[PDB]
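Coordinates in review
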Amino acid sequence: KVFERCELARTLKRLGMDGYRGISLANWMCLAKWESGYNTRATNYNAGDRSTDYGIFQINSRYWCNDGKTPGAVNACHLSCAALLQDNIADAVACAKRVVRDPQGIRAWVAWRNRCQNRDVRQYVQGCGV
């Protein structure tokens, strides 16, 4: 599913993402935007380490979810990477919260640092009433 801006915003907010660990809703929105364009079926394979990024937040199979074909894989989120390509993003949000619980925070995602960190990200939530 490809969420519309404000539709994604109201959802992430009801799932307790606004301010989760000091991270604003606008920031989560910015990450999802550049990471997948709000598309839950996004995927990206990394030939270097044989891993794949899944979903709207592009959660990597090497450390977070199990896709069954990644070497030295950990399943820190304890779920199938397939659960991360579903229309209902409850599991993706839950695993996203787990990722940011590590010392690095949202900085774990290179795309967030390059396109969201230290920049005005207000446009992402203006007009949604969140």
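Residues numbered from 1 in each chain as written, not as in the entry; some residues may be left out. Heavy atoms only, no water.

Bringing helix α1 (residues 5-14) into the picture now. Among the residues of α1, those classed as buried are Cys6, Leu8, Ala9, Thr11 and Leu12. Residues of α1 that are buried in the fold lie against α2 (25-36) and α3 (90-99). The N-cap of α1, judged by a side-chain oxygen 3.4 Å from the amide nitrogen of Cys6 a few residues on, is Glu4. One or two residues past the end of α1 sits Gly16, with phi positive at roughly 70°. (Buried < 20%, exposed > 50% of the residue type's maximum accessible area, 1.4 Å probe, protein only. Helix = DSSP H or I, 4+ residues; strand = E, 2+ residues; numbered from the N terminus. Contact = heavy atoms within 4.5 Å. Polar contact = N/O pair within 3.5 Å; in protein donor to acceptor, adjacent residues only side chain to side chain.)

Once that is clear, we can look at the nonpolar core. If you look at the biggest cluster of nonpolar residues, it comprises 42 residues, and the most contacted ones within it are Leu8, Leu12, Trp28, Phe57 and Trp109. Of all the elements in the fold, those that place two or more residues in this core are α1, α2 and α3. Tallying contributions element by element places α2 first for this core, with seven residues. With residues near it in sequence (within four places) discarded, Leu8 still touches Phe3, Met29, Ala32, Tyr38, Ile56 and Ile89. (Core = buried A, V, L, I, M, F, W, Y, C linked by side-chain atoms within 4.5 Å.)

Moving on to the UniProt feature "domain: C-type lysozyme" in the chain. When the UniProt feature table is mapped onto this chain, "domain: C-type lysozyme" is found at residues 1-130. Taken end to end, residues 1-130 is 29% helix and 8% strand, and its two terminal C-alpha atoms sit 21 Å from one another. (UniProt positions renumbered as here; feature names shortened; annotations may be inferred.)

Our next topic: the UniProt feature "disulfide bond" in the chain. Look at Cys6 and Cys128: UniProt has them disulfide-bonded, and their sulfurs are 2.0 Å apart, which fits a closed bridge. Separated by 122 residues along the polypeptide, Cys6 in helix α1 and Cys128 in the segment after α4 (110-115) bring together distant segments of the chain. Side by side, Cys6 and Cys128 carry an identical accessibility label, which is buried. For the UniProt disulfide linking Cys30 with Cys116, the SG atoms sit 2.0 Å apart, under 2.5 Å and consistent with a formed bond. (Disulfide = S-S within 2.5 Å.)

Once that is clear, we can look at the sheet that holds strand β3 (residues 59-60). Judged by pairing direction, the sheet is antiparallel, and its three strands sit side by side in the order β1-β2-β3 without closing on themselves. The open sheet is flanked by β1 (43-46) and β3, the only strands paired with a single partner. (Pairing = 2+ DSSP bridges.)

This part covers the environment of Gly68. Counting through the fold element by element, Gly68 comes out in the loop between β3 and α3. By relative accessible area, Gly68 is classed as exposed at 67%. Through-space distance from the C-alpha of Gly68 to that of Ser80 is 8.3 Å; in sequence the pair is twelve residues apart.

The next point concerns the side chain of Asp53. With respect to the helices, strands and loops of the structure, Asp53 is situated in strand β2 (residues 51-54). The buried charged residue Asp53 lacks any salt bridge partner; its closest oppositely charged side chain belongs to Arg62, at an N-O distance of 10 Å. The contacts of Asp53, once residues within four sequence positions are left out, are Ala42, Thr43, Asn44, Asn46, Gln58, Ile59 and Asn60. (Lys, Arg positive; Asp, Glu negative; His and termini not counted. Salt bridge = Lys/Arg side-chain N within 4 Å of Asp/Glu carboxyl O.)

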